[PDB]
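Some notes on the structure that comes next.
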Amino acid sequence: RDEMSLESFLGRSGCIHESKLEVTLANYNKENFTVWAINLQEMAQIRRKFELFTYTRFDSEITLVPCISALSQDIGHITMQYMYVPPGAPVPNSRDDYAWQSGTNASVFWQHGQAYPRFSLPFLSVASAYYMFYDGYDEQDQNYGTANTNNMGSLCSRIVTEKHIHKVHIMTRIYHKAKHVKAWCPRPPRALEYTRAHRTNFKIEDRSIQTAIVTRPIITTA
Amino acid sequence: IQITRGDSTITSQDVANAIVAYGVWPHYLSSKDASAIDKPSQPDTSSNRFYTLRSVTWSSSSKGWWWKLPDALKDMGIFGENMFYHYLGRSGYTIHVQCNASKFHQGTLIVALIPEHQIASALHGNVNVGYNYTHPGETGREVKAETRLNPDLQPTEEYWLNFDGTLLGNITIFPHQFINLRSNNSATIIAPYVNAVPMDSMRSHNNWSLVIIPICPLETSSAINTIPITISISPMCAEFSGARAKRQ
Amino acid sequence: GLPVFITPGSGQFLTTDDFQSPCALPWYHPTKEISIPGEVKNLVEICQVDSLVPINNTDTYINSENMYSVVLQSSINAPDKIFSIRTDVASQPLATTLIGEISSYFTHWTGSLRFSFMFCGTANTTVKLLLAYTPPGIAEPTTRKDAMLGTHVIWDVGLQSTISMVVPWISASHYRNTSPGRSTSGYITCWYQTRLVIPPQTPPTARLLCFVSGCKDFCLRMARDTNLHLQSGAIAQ
Amino acid sequence: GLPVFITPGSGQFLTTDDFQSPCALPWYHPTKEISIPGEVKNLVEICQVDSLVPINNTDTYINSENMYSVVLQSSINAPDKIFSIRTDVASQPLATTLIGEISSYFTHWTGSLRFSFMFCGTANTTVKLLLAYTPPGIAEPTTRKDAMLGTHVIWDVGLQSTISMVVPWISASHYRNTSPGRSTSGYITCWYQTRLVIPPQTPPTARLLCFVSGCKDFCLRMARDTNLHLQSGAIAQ
Amino acid sequence: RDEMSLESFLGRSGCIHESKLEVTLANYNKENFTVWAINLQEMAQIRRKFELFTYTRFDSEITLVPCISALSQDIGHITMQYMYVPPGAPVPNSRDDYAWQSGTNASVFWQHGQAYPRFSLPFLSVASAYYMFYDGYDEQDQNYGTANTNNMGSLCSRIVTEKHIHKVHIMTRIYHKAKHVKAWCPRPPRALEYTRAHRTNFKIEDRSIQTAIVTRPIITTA
Amino acid sequence: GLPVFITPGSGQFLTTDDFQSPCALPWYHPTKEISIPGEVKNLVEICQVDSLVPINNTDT
């Protein structure tokens, strides 16, 4: 009556990307960061929910879960920076360039002693709706799958400590939740498995035409 | 009997029968959901008319066909060169596609309308649909299991996979209508403009795509086994903003 | 003064939660809403859409158009048996339908289904076919004698579309498990009563439509993961 | 009693935030406000100011006063082409203007621009020049024949200042990307129709003003960093 | 309509100064502190925002982000003092002089276990407006750039522990945010790069006259 | 402004406690109540039932 809605169907905390940061024994410069761009179509458990609609309109909620593990000399008492860059803006890849020390980007800090990282995000799409499937091409001729209109931003974690560094694993898992869920125009579900982002492939890896449909021998006995 | 709106009209209209597309009338866009003016010059008022397309051949073992809108009409009528030089626009559709039927032979076909495509083209590497295949024109894609343009960007021609990546039969999620013979001989489906953006390109971006999938193929044991299909499309709400030269 | 005490249970990790936390960038003004159809607030509209049933999903007809259509023959020699399918939405071949795969995303389900089957062949063919429902108590009886026993309506091929009858939800409680029940729920059965009557020089081979749709009353509670698709191979970053 | 629970999401690091936290030293009384002009609450007043356009920003005229003025000649022998510039504020040479560099601090932008071009030479010179706008759909056609095709107004050098015409925002949505679009938006074109008519013993060389200003309707959402200036060298402590 | 304001243009958390404190192996007295004075014109990303105005009137918000890194014997369980001194008042440079143990200066303490350091500041300028550009000279004849009227104070971090000390890196990054934003009299943006504080130089380091303006060959093709 | 102080006694482990904490999954609708006898709110109804006494509980 009330629970049967798109608010409950898409409103679940699910892991989207496995961001794993490993500390190198020796580095010339601060170049220890995970390279990852924004995406909604990643895993089969979450993508099939987006494959069921043409255009969606909902705000995003991002929960960061970083894992701390000690290895040598009780290493773990450190504070890390998690900065978000607005969509469209150019993103550098260094210690302190133009973006990492600016008052235009959203910045948050976490240290062990307080609660787990949890914050809300506003509207991300440039148009009225979020692009799930971009039919044809935009202003370019060849590119299909990822469009300039479907932009959300970028998420990168950066190291702060300079000399006092040792090999520690920082497993920063990102969870996603939906808010203000309003979508239109339902679609039929996907039949086969996914291989690449924004792509539903049939003829790939030379695998047989075996669908998820279970076969029955005589359809009279069952 | 005929639908009265323009000077040019088509016969065999009968009674307009279709399932209501989520309670939506083909709305003429006012200045409420737009910018300040965005109206340099008003187009033809009598532009809302029926356009007859060339009849395609019916095969004994029919696989299916598809036409993209407004890609199918690009050199047809007066509005052909207009929308090409005009920057971005939106249009509705009045679909009237059927063939001649008698009380003797058999043949059933289902018509759907889905404006998205995601088909496999390449192997492992970046996969991308062909530019020429997305824009065939009036002829469309004559779906036959053969080699076209050697081995290259090539969307696979499968009717039960629905091209986009969905299960057959369940494709009826969008405005759908089933056409038999004894109940109906003509097909009419109401189609408005449905998109995230108010105005988009016609040269690259596709607004809609007509889906033609037969459930019961033409299987008759008589003298003749060919019945051509008559395609009649009437564009709705033809509004465009952009002044440009006619010859280039 | 100020109540300073950490409440047990609160201030920790939780999966499903509602927060009134401040936004990261609330200064941005979103794009205005425009009139776009297909708008869904409830999940009843997706179930309302008529989904075609693949009644003949055998290994022979799996890669053809004949899998969704019913095989019919005009000759009067073969047994009168057509098909025997379940009533559960989480079972084959009703699992592949639109209402079936949505039910796979839920643990508890209840509701009735609409059944209409129209002729696919030529206009000059009339055949009386019987539609019957069987209780799940005992094993399914499949004979010609068990035609007019318990919920039986004979449909003749005329002009009108097939009017649906009573296919109700039979349970003591409002909710039942979503696990594939091959003997838990009832069965849908159809039998040949008359053979395809055709005049001289008329194609004997004909087919039949197979539709299913959700009714008015539907109540589904807790959500779950699907059991049809699994991903463990190569994934994109 | 007292609700003691740590709410997930709250009590951590955040970039943009609003706080009602107590002041460090609230006992100090600030200096009283006095009447000072230039007061801005919105960003519309900065865009209202007419910014001069460097139409001739070539490598030859870069270090001169002639970069902002238009080169004109009285002789009737050279082609009638003057310039071909874009309509985007985040593109050359409209990027160097007051409205251009402010638009570089934003991701989403919309609005119209005012265009007025007045004579810079002597009082005894009259020349009819045509102002034209071209759609971004196809590549820019640059001929003498494409003068009176689509939004065309001929301006004669008289006494009054140049009255601006319709240069509208053409888009299906309210917002479009701020990335430099060389084929995304329209073009501003001006052509020689008549040559500078001058009496005997009159300087043939003359120039023209090039102004641009923001209109009434402007809506910009999210802010960003500039792409014109970068600092990585020696900095002061 | 409402977001288009100076409140959003200057209201972003941006890093102003990189204060890095390093612990010496052996010291005769407590002399481990970072030398830094107040400044608004520091980085190009933040300065260009102030270069666009003559006089500003807004309260400041300061966020301190200190980084803790372990190196030897699990060193990191320490509490540091962050004291602010009012503008105009003389500031000493020792362990405990007249300022460090007074009830006239604003003092705050931080230890790992509580939330990140965050506090608000009142009005700082002696006049009605904050000085961005001081035209001419004041009561002195030569000095240009930093004036006595444009004073905000001083920020210095001090060590507390006496004998139990080891080499640890304390990266105390300072973020700045604006409150009560009311400014007047807009200016045109800066063309070249900055070299020194409160100074916009043209003829420096013998570099060619190359401006940020992108050149186009024929201005007819584009 | 906001009272930020940890109250002594609160914010720790406790055996018997009453909480107004949010539910894990509140979207689920429970099965409706039907008329079933034996309903007990107090412990007096269990004591009301006559219990037979084993008066001769010897080893024999």
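When the chains are written out, they are named A, B, C, D, E and F in that same order, and each has its own residue count from 1.
Rule of thumb we're sticking to: a contact is a pair of C-beta atoms (placed from the backbone, for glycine too) under 8 Å apart; a residue touches a chain by one contact, two chains touch by 3 or more.
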Considering only chains that satisfy the touch condition with subunit A, which of them also satisfy it with subunit D? B, C, E, F
Can you tell me which pair among C-E, A-D or D-E shares over half of its residue-numbered contact pairs with A-C? D-E
The chain whose mean C-alpha position lies nearest the overall protein Cα centroid is chain A
Counting C-beta pairs in contact, which chain pair has more, B-D or C-E? B-D
Report the inter-centroid distance (CA atoms only) between subunit E and subunit F in whole Å. 59
Distance-wise, how many Å sit between the C-alpha centres of subunit B and subunit F, to the nearest whole number? 65
Please compute the C-alpha centroid of subunit A, do the same for subunit B, then give the distance between them in whole Å. 36
Indicate the residues of subunit A shared as contacts by at least two other chains. 1, 3, 8, 54-55, 84, 86, 98, 102, 104-107, 109, 114-116, 118-120, 126-129, 185-186, 188-190, 196
Residues within subunit B bordering two or more other chains: 167, 170, 173, 194, 196-198, 201
Expected list for subunit F, residues touching two or more other chains, is 7, 10-11, 21, 27-29
Strictly by the criterion at the top, what is the full list of touching chain pairs? A-B, A-C, A-D, A-E, A-F, B-C, B-D, C-D, C-E, C-F, D-E, D-F
Sites on subunit A touched by subunit B in the complex: 51, 54-55, 127-129, 131, 133, 135-138, 141-142, 144, 185-192, 196, 199-205
Give the list of subunit E residues in touch with subunit A in this complex. 10, 12-15, 18, 20, 43-46, 65-72, 74, 76, 112-116, 168-169, 171, 173, 175-177
Which residues of subunit A touch subunit F once you look at their complex with the stated criterion? 1-3, 8
Taking the touch rule as given, give the residues of subunit F at its contact with subunit A in the complex, in rising order. 27-29
Which positions of subunit C touch subunit D when the two form their complex? 3-14, 17, 19, 21-22, 24-25, 27-29, 31-32
